[PDB]
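Please read the structure below before turning to the comments.
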Ligand SMILES: *[C@@H]1O[C@H](CO)[C@@H](O[C@@H]2O[C@H](CO)[C@@H](O[C@H]3O[C@H](CO)[C@@H](O)[C@H](O)[C@@H]3O)[C@H](O)[C@H]2NC(C)=O)[C@H](O)[C@H]1NC(C)=O
Ligand SMILES: *[C@@H]1O[C@H](CO)[C@@H](O[C@@H]2O[C@H](CO)[C@@H](O)[C@H](O)[C@H]2NC(C)=O)[C@H](O)[C@H]1NC(C)=O
């Protein structure tokens with residue numbers, strides 16, 4: 001188990017720069033070479049860069065040729081990646097890998113980090129709970145949920161009834177709308193009888209917003 | 001009608017021993033010469049030893065890595081080549097071929113190659 | 627068209643060979659990993675003693691397998707050393723003098743004179759003192775005495791001309807070595 | 016002319032029918048050369064003395080005969096003739112082996128059927144019979160399962176030494192002795208070669224391998240040499256033209272004589288130049315440097331045969 | 001530049017089935033190829049290197065073969081833990097390149113989605129956003145046809161959908177179609193219908209809400 | 002002594018390619034050439050002085066010069082991809098020596 005660590009993730013606006021570090025321990029740092037790999041959310045992998053054991057040999061990817069920088073510190077045993085002239089289409093998850101020569105495969109990875117790019121600023125969401133109705137009454141069981149909207153950046157999580165309502169509920173992956181704010185929803189399919197007296201309280205656990213908005217749900221009627 | 005069969009190999013822990021057999025039939029076994037060559041996956045052919053016939057006397061000869069650990073002999077009645085391995089080391093894991101000359105006469109003009117047998121020497 | 631011969635070096639007939647040896651914690655050197663006393667030029671004593679200490683090469687140490695199934699007792703994580711080098715079995719070394727400019731008697739051309747058979751050939755080569763891979767000039771030795779065994783003193787090297795990928799016991803002698811003969815025979 | 020030919024002279028390698036077939040006599044120069052390209056002459060010799068039956072040299076002919084040492088120079092030209100070939104044309108005789116003869120050590124004797132060596136006073140050829148082949152030391156023939164067919168591959172024939180030769184111009188007898196007198200000083204240490212006295216010595220050591228170049232003139236024996244110069248002289252006589260009309264076989268001796276004397280048959284550049292040219307019988311050149319002339323002791327010589335091979339020698343016990 | 005493709009873009013099998021996946025090259029790359037795996041939410045691992053050799057620490061059931069432009073990975077015995085996206089890598093020359101990857105998922109029976117639709121609430125109406133959502137639950141296979149008819153009219157480029165990942169108990173997906181509209185258009189329509197056509201659906205099944213009744 | 006081979010070579014489908022095995026022990030002896038498709042046993046292709054056995058097309062050729070032997074194949078075809086080896090004896094006259102091995106592929 002050769003092990004590595006990394007640091008430097010988060011969110012950044014357009015036009016700036018950013019740096020990520022990968023620190024290694026458990027092998028002869030002078031006799032090896034270092035690689036970076038990025039993974040876009042919901043898509044495949046892509047090759048990034050490669051640095052050799054002495055700095056003599058460096059190679060960059062064609063798509064991001066001339067804009068990235070990779071270096072290593074043979075004393076402290078850490079590799080630094082610098083990204084310059086960022087855009088909003090560089091968003092992915094980054095991982096650090098190792099090889100002996102500059103042209104063989106990879107052997108061990110790290111844990112990776114998230115780097116996010118957009119033009120907006122931090123903001124916490126407000127949830128408008130979805131009301132089950134007699135229109136959705138299907139065999140004595142209906143569904144109800146909370147639609148968390150207008151947040152950037154990630155993450156957001158939802159817990160029903162302080163974790164007491166945990167079975168039968170789903171939470172969806174988010175989407176990034178045209179304005180540029182991730183949003184999602186979570187719903188549970190519950191018996192329609194429980195809509196009469198068994199009320200619910202959905203709590204959205206968004207930490208960076210410095211807020212905890214927790215809301216109750218009521219049924220609605222659309223038979224007018 | 002010409003066949004060559006290798007049998008008697010298997011898995012052995014380091015420091016072990018084993019005997020291997022290369023049998024044949026369909027012609028006269030009393031005259032020809034036999035040899036041994038192994039090649040590990042990713043490695044080419046490598047000479048080990050060879051046993052001659054009674055016309056000269058069937059003398060023996062093995063290379064330096066093999067000499068001192070292995071031996072080679074034959075049985076005329078049962079018409080089969082046999083090899084014995086003792087004090088096996090981790091650097092001998094390979095598949096083994098027995099070679100002979102039948103039509104193209106000559107000491108190192110091997111043409112008939114057996115199927116080969118596997119030997120894995122590890123803990 | 628006779629070359630204007632510049633300075634000369636020696637390019638040897640190169641064959642790559644690699645070795646690697648696994649040492650447990652109870653071996654004596656492995657205590658909590660590879661000791662920081664081991665670097666690229668350092669050597670190890672549990673390798674094959676047939677290796678010529680004077681020769682060129684590249685060495686490294688790493689963490690390897692640990693458990694009762696990898697020959698080390700008490701499930702102690704081990705230390706694996708490895709080395710790769712090149713050698714000349716046939717001693718066919720070629721004396722190379724770059725052609726800086728051509729005179730009647736294309737660019738970056740050179741002369742690679744054969745020493746034994748005195749055969750002459752023309753092929754581009756790197757400037758004396760840089761290991762560009764894929765061209766002539768991968769292994770440069772100052773004197774023929776240096777290149778007959780490839781001692782570590784007067785020869786340069788790019789370690790990546792030889793490959794290595796460890797297993798539980800041994801490694802792979804991957805070769806990116808480019809023969810000057812295949813380049814100078816068709817171009818003769 | 017001087018270009019090495021990686022191909023047969025006039026005919027392709029044959030395929031034969033049965034090993035008991037009879038070998039007819041022929042008359043034509045080209046007719047016999049075509050036989051020399053099929054290794055028929057060795058097939059006749061192995062019958063005459065070795066009692067062997069069946070052809071030799073299947074599918075390869077003369078282009079696939081073995082030589083020792085393997086690095087051979089004159090074997091590339093298809094024009095040069097070996098001693099076994101020269102026997103077929105009434106140029107010399109390769110005699111049978113005897114008990115007093117000594118076999119050279121060094122070549123790969125195993126599995127062979129016929130091999131010939133130059134001896135200080137002639138040429139000696141060893142052979143084996145039907146269904147047999149030699150041992151490593153080349154002492155006795157023993158049965159082998161690789162000879163059941165009787166049409167053996169051309170690999171099973173060995174010719175020791177790099178030798179080739181040509182027609183010879185007679186030399187006065189007294190010349191040979193006065194060259195031999197000078198040849199005594201070239202290798203003073205040796206005393207007896209192949210059981211023949213070379214220098215006046217009393218006691219000799221055991222036989223050993225020895226290396227030397229030599230030429231043949233006739234008389235009692237050959238003339239060894241230490242240092243000498245050679246040269247290729249071109250003459251382009253009538254023996255340098257052989258030909259073969261396509262479809263059936265070489266042109267008959269009557270037609271061959273006509274085409275060689277009348278100039279009424281198709282020919283190539285040299286043939287059209289020397290005698291003129293008018305299906306038919308197209309006659310061409312050969313791939314040999316031509317004729318050999320060797321100079322020794324100032325008085326240059328035209329040899330019968332010139333080559334290189336290994337011999338047996340003895341040293342005076344001191 | 002050079003490209004590398006995989007085939008096929010999606011497979012599926014039950015426990016024990018043998019699976020083949022192919023990586024095709026525009027040029028022969030010798031033996032310089034490797035295969036990689038990422039289980040969901042982890043960094044990748046390596047399985048096969050040098051196009052014929054297996055990484056230590058991997059169960060031997062995985063294997064690969066090929067040369068030049070024909071490369072194939074074959075899993076003789078398949079298990080759910082093997083279910084990940086498998087990528088092919090080449091390292092013959094710079095620049096290196098990955099593959100598009102092949103996804104492996106569970107095969108199972110067919111269930112019928114239940115189409116639910118939620119009219120937007122009132123606090124949002126005071127704020128001023130129109131969110132019309134149609135939720136679909138427990139459908140398979142992943143192919144699904146969701147369409148919107150507002151006043152029996154078709155919109156464009158104003159809906160988003162996301163899929164719940166492979167369930168760990170019954171391998172059933174789920175989906176939700178959202179529609180974002182300005183407040184003004186919200187009072188310029190009378191009927192909002194979402195219809196679903198599915199391969200497991202015998203007929204198209206629709207439902208709707210009318211702004212009058214809400 | 003030792004026998005050395007080119008690590009690998011490739012040639013497109015349609016022309017002639019040459020493989021060279023060199024060694025100082027071939028001045029007095031021939032060497033024999035072997036073919037092996039990855040996944041099966043070797044098969045002999047050339048021995049002696051350009052002797053090709055029955056079953057091998059005459060489209061192969063073998064030659065020698067100095068201390069270098071050469072196996073040569075014309076009109077390349079995509080089904081002949083394999084690896085090739087050269088073997089001979091040693092100076093002491095007691096052993097058998099093998100070469101490295103050349104991997105031939107057809108483009
Ligand atoms: C093997 O022995 C053979 C004798 O059994 C011998 O064949 C004989 O060769 C001589 C010389 O060419 C021929 O002699 C006469 O041939 C014709 C008659 O047809 C005459 O015109 C010639 O002038 C010549 O005097 C014999 O005819 C011939 N025997 C037969 C039956 O054809 C072989 O030459 C011997 N082989 C070797 C390699 O020496
Ligand atoms: C085998 O070769 C012999 C020798 O030529 C052939 O025997 C000849 O056969 C013909 C007709 O059958 C006779 O006229 C000759 O007198 C025979 N000669 C001898 C020496 O026997 C025989 O026919 C051949 N068998 C084949 C070709 O199958």
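Protein chains in written order, with the deposited numbering: chain B, 1 to 224; chain F, 1 to 123; chain A, 627 to 731, 736 to 818; chain D, 16 to 293, 305 to 344; chain C, 1 to 214; chain E, 2 to 108. Just so it is clear, CB atoms sit at the ideal spot from N, CA and C, and this is done for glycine as well.
At a cut-off of 8 Å between beta-carbon atoms, residue 105 of chain F makes contact with chain D. Short note on residue 145 of chain D: C-beta not closer than 7 Å to any heavy atom of ligand 2. At a C-beta separation below 8 Å, residue 90 of chain F has these neighbours in chain A: 799. Scanning its chain for C-beta atoms nearer than 6 Å, with the 5 sequence neighbours on each side dropped, one finds around residue 27 of chain B the residues 2, in chain order. Residue 795 of chain A belongs to the set of residues whose beta carbon lies under 8 Å from a beta carbon in chain C. Contact note: residue 79 of chain D reaches chain E through 49, 50, 51, 52, using a C-beta cutoff of 8 Å and chain order.
Look at residue 25 of chain E here: in three-state DSSP terms it is helix.
When the Cα atoms are used, residue 159 of chain C and residue 129 of chain B turn out to be separated by approximately 20 Å. Remark: three or more beta-carbon pairs, one from each stretch, lie closer than 8 Å, so the stretch 181-193 of chain D and the stretch 226-239 of chain D are flagged as touching. Under the three-state reduction of DSSP output, residue 76 of chain D falls in the helix class. The continuous stretches of alpha helix (DSSP H) do not include residue 86 of chain E, which lies in the beta strand (DSSP E) extending over residues 83-89. Residue 56 of chain C belongs to the set of residues whose beta carbon lies under 8 Å from a beta carbon in chain A.
At the C-beta level, residue 638 of chain A and residue 771 of chain A come within 8 Å of one another. At a threshold of 7 Å, residue 52 of chain D does not count as near ligand 1, since its beta carbon sits no closer than that to any of the ligand's heavy atoms. Within chain B, 103, 104, 105 have C-beta atoms less than 8 Å from the C-beta of residue 91 of chain C, given in sequence order. Cβ-Cβ distances below 8 Å link residue 123 of chain B to 150, 151, 152, 181, 209 in the same chain, with the five nearest sequence neighbours on each side left out; the list follows chain order. If only complete runs of 4 or more residues are kept, the stretch 58-126 of chain D shows the alpha helix (DSSP H) at 98-102, in order along the chain. For residue 22 of chain C, the enclosing beta strand (DSSP E) covers residues 19-25.
Taking 8 Å as the cut-off, the beta carbon of residue 203 of chain D is found closer than this to the beta carbon of residue 214 of chain D. Only exposed fits residue 16 of chain B, as fewer than 16 other CB atoms lie within 10 angstroms of its CB. Residue burial annotation: residue 196 of chain B is exposed, with fewer than 16 other C-beta atoms found within 10 angstroms of its C-beta.
In the DSSP annotation of this structure, the continuous segment of the alpha helix (DSSP H) that includes residue 815 of chain A starts and ends at 810-816.
As DSSP reads the structure, residue 20 of chain E sits in a beta bridge with E/72. Annotated as distal: residue 48 of chain E and residue 97 of chain F, with beta-carbon spacing of 8 Å or more.
Annotation note: the stretch 150-206 of chain D contains the following uninterrupted beta strand (DSSP E) runs of length 3 or greater, listed N- to C-terminal: 172-175, 177-180. Where residue 284 of chain D is concerned, the enclosing alpha helix (DSSP H) starts and stops at 284-289. At a C-beta separation below 8 Å, residue 28 of chain D has no neighbours in chain E, since its nearest C-beta there lies roughly 10 Å away. The secondary-structure analysis by DSSP pairs residue 105 of chain F with nothing; it has no beta-bridge partner. Using beta-carbon distances, residue 1 of chain B does not count as an interface residue toward chain C, since no partner is under 8 Å.
Assignment of beta strand (DSSP E) within the stretch 137-172 of chain C, counting only whole runs of 3 or more residues, yields 145-150, 159-163 in chain order. Within the stretch 161-206 of chain B, the alpha helix (DSSP H) runs of at least 4 residues that lie entirely inside it are, in chain order, 194-197. Contacts with chain D (Cβ-Cβ distance below 7 Å) from the stretch 9-40 of chain F involve 27, 28, 31, listed in chain order.
When 7 Å is used as the limit between beta carbons, residue 123 of chain F is near these residues of chain A: 695, 697, in chain order.
Here residue 55 of chain F carries a coil assignment [DSSP, helix/strand/coil].
Residue contact with chain D for residue 28 of chain E: present (Cβ-Cβ distance below 8 Å to some residue of chain D).
In the three-state reduction of the DSSP assignment, residue 307 of chain D falls in the coil class.
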